[PDB]
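Chemist: Pasting final-v2.txt below, which is compact mmCIF, C-alpha atoms and all ligand atoms.
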# COMPACT_ATOMS: atom_id res chain seq x y z
CA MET A 1 -38.65 76.07 -41.67
CA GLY A 2 -37.49 72.91 -39.85
CA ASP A 3 -34.46 72.66 -37.54
CA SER A 4 -32.43 70.25 -35.37
CA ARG A 5 -31.22 66.96 -36.91
CA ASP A 6 -33.60 64.40 -35.36
CA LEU A 7 -36.41 66.50 -36.87
CA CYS A 8 -36.56 65.55 -40.59
CA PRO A 9 -37.77 67.92 -43.38
CA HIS A 10 -40.71 65.82 -44.69
CA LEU A 11 -41.46 65.10 -41.02
CA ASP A 12 -43.50 68.33 -40.97
CA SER A 13 -45.37 67.42 -44.18
CA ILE A 14 -46.66 64.15 -42.67
CA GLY A 15 -48.39 66.06 -39.84
CA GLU A 16 -49.37 63.63 -37.04
CA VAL A 17 -51.39 60.49 -37.90
CA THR A 18 -53.45 58.85 -35.13
CA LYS A 19 -51.17 57.76 -32.28
CA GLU A 20 -53.19 54.58 -31.80
CA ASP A 21 -52.53 54.13 -35.51
CA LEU A 22 -48.90 53.60 -34.46
CA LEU A 23 -50.30 51.31 -31.77
CA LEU A 24 -52.40 49.05 -34.02
CA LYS A 25 -49.65 49.26 -36.65
CA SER A 26 -47.46 47.81 -33.87
CA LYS A 27 -50.14 45.07 -33.81
CA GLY A 28 -47.53 42.42 -34.74
CA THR A 29 -47.76 41.78 -38.49
CA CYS A 30 -47.47 43.52 -41.90
CA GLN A 31 -50.93 44.50 -43.17
CA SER A 32 -50.06 43.26 -46.69
CA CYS A 33 -47.67 40.41 -45.77
CA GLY A 34 -48.63 39.43 -42.20
CA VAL A 35 -45.01 38.70 -41.22
CA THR A 36 -44.60 39.68 -37.52
CA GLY A 37 -44.09 42.64 -35.14
CA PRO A 38 -40.32 42.82 -34.63
CA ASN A 39 -38.68 44.68 -37.52
CA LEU A 40 -42.03 46.08 -38.74
CA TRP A 41 -42.21 49.47 -40.52
CA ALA A 42 -45.56 51.23 -40.96
CA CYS A 43 -45.86 54.28 -43.24
CA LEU A 44 -46.22 57.56 -41.32
CA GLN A 45 -47.62 60.12 -43.79
CA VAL A 46 -50.38 62.55 -42.73
CA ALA A 47 -52.75 60.18 -44.60
CA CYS A 48 -51.26 56.68 -45.07
CA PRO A 49 -52.42 54.10 -42.48
CA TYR A 50 -50.69 50.78 -43.32
CA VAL A 51 -48.13 48.63 -41.46
CA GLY A 52 -45.58 47.29 -43.97
CA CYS A 53 -42.64 44.92 -43.37
CA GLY A 54 -38.95 45.50 -42.85
CA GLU A 55 -36.32 43.50 -44.77
CA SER A 56 -37.45 40.95 -42.19
CA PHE A 57 -39.91 40.01 -44.96
CA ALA A 58 -40.06 42.09 -48.16
CA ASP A 59 -39.54 45.49 -46.53
CA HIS A 60 -42.66 47.17 -47.96
CA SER A 61 -40.76 50.15 -46.56
CA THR A 62 -38.98 50.27 -49.93
CA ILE A 63 -41.52 49.28 -52.58
CA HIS A 64 -44.09 51.22 -50.52
CA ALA A 65 -41.90 54.35 -50.34
CA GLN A 66 -41.03 53.51 -53.93
CA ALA A 67 -44.64 53.22 -55.16
CA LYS A 68 -46.28 55.91 -53.02
CA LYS A 69 -43.05 57.91 -52.81
CA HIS A 70 -43.73 58.06 -49.04
CA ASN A 71 -40.32 58.54 -47.37
CA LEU A 72 -41.19 58.61 -43.66
CA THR A 73 -42.24 55.39 -41.90
CA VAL A 74 -41.93 54.25 -38.25
CA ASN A 75 -40.34 51.01 -37.02
CA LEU A 76 -42.66 49.73 -34.29
CA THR A 77 -39.70 47.46 -33.52
CA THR A 78 -37.43 50.16 -32.05
CA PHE A 79 -39.73 53.24 -32.13
CA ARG A 80 -37.92 55.45 -34.69
CA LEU A 81 -38.64 56.74 -38.21
CA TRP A 82 -37.10 56.15 -41.63
CA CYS A 83 -37.15 58.71 -44.44
CA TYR A 84 -36.66 57.07 -47.84
CA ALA A 85 -36.10 60.73 -48.75
CA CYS A 86 -33.54 61.99 -46.24
CA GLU A 87 -32.77 58.28 -46.42
CA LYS A 88 -32.00 57.93 -42.70
CA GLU A 89 -33.59 57.05 -39.33
CA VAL A 90 -35.14 59.71 -37.06
CA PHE A 91 -36.97 59.91 -33.72
CA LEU A 92 -39.55 62.50 -32.70
CA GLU A 93 -37.85 65.90 -32.95
CA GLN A 94 -37.38 65.36 -29.18
CA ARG A 95 -38.56 68.99 -28.88
CA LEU A 96 -41.43 67.43 -26.90
CA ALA A 97 -41.06 65.48 -23.64
CA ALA A 98 -43.21 63.48 -21.19
CA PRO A 99 -46.05 63.10 -23.75
ZN ZN A 101 -37.25 63.49 -44.60
ZN ZN A 102 -47.46 55.36 -47.40
ZN ZN A 103 -45.35 43.88 -46.28
Can the structure in the file be given as structure tokens, please?

Modeler:
Amino acid sequence: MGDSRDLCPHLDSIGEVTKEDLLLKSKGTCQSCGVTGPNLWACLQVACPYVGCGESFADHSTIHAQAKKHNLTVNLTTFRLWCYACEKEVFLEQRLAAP
């Protein structure tokens, strides 16, 4: 059972992809559009390594969450998540600290 608000429901189903994955994803460009770093949004499912765009370009965040039904993604622009399911933005459950 999940809890707290920052912690999203599907956030526990995505497990924890490779941290560095969030680091290369933050490389600076969409992997399918090559648009830029700011306003990027890479998928964050237990098994979906790909850095999509944010409206900034075509927002793969939508068609990608729309095609793969993946709701959670992380904006390497501000460091938060986005559940196309809970349809909102969320940061690490904060339960952790000084990682
Ligand atoms: Zn969710
Ligand atoms: Zn995905
Ligand atoms: Zn894209």

Chemist: Could you list, as a tab-separated table (two decimals) with C-alpha atoms, keeping the file's coordinate frame, every residue within 10 Å of residue A:36, counting all atoms listed in the file and ignoring same-chain residues fewer than 5 positions away?

Modeler:
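The resulting part.tsv:
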chain	number	residue	atom	x	y	z
A	26	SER	CA	-47.46	47.81	-33.87
A	27	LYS	CA	-50.14	45.07	-33.81
A	28	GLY	CA	-47.53	42.42	-34.74
A	29	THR	CA	-47.76	41.78	-38.49
A	30	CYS	CA	-47.47	43.52	-41.90
A	31	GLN	CA	-50.93	44.50	-43.17
A	53	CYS	CA	-42.64	44.92	-43.37
A	54	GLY	CA	-38.95	45.50	-42.85
A	56	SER	CA	-37.45	40.95	-42.19
A	57	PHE	CA	-39.91	40.01	-44.96

Chemist: List every protein, DNA or RNA residue that has an atom no more than 10 Å from (-40.9, 53.1, -38.3) in the file's coordinate frame, counting all atoms listed in the file, and report them as an MDAnalysis selection string.

Modeler: chainID A and resid 22 25:26 39:44 51:54 61 72:83 89:91

Chemist: To one decimal in Å, tell me the separation between atom CA of residue A:6 and atom CA of residue A:85.

Modeler: 14.1 Å

Chemist: Which distance in Å separates atom ZN of ligand ZN 101 (chain A) and atom CA of residue A:13, to one decimal?

Modeler: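 Computing it gives 9.0 Å between the two atoms.
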
Chemist: Identify which of the residues A:59, A:20, A:15, A:64 lies closest to residue A:46, counting all atoms listed in the file when measuring atom-to-atom distances.

Modeler: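 The closest residue to residue A:46 is A:15.
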
Chemist: With a cut-off of 6 Å, could you pull out the residues of chain A touching ligand ZN 102 (chain A) and give me the nearest pair of atoms for each, distance in Å to one decimal, using only C-alpha atoms and all ligand atoms, ordered by chain and ascending number, as a Markdown table?

Modeler:
| residue | atom | partner | partner_atom | distance |
| --- | --- | --- | --- | --- |
| A:43 | CA | A:ZN102 | ZN | 4.6 |
| A:45 | CA | A:ZN102 | ZN | 6.0 |
| A:48 | CA | A:ZN102 | ZN | 4.6 |
| A:68 | CA | A:ZN102 | ZN | 5.8 |
| A:70 | CA | A:ZN102 | ZN | 4.9 |

Chemist: For each of A:86, A:97, A:65, A:35, take the minimum atom-to-atom distance to ligand ZN 103 (chain A), counting all atoms listed in the file, then give the residue where this is smallest.

Modeler: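 Checking each of A:86, A:97, A:65, A:35 against ligand ZN 103 (chain A), counting all atoms listed in the file, the winner is A:35.
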
Chemist: Report the distance between atom CA of residue A:69 and atom CA of residue A:93 in Å, rounded to one decimal place.

Modeler: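 Distance between the two atoms: 22.0 Å.
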
Chemist: Restricting the calculation to only C-alpha atoms: of A:50, A:38, A:3, A:32, which residue gets closest to residue A:17?

Modeler: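 Ranking A:50, A:38, A:3, A:32 by distance to residue A:17, first place goes to A:50.
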
Chemist: I'd like to know which of A:10, A:95, A:19, A:60 is closest to ligand ZN 101 (chain A), using only C-alpha atoms and all ligand atoms.

Modeler: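 For ligand ZN 101 (chain A), the nearest of the given residues is A:10.
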
Chemist: Measuring between only C-alpha atoms and all ligand atoms, which one of A:24, A:98, A:58, A:63 shows the shortest distance to ligand ZN 103 (chain A)?

Modeler: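 Smallest distance to ligand ZN 103 (chain A) is found for A:58.
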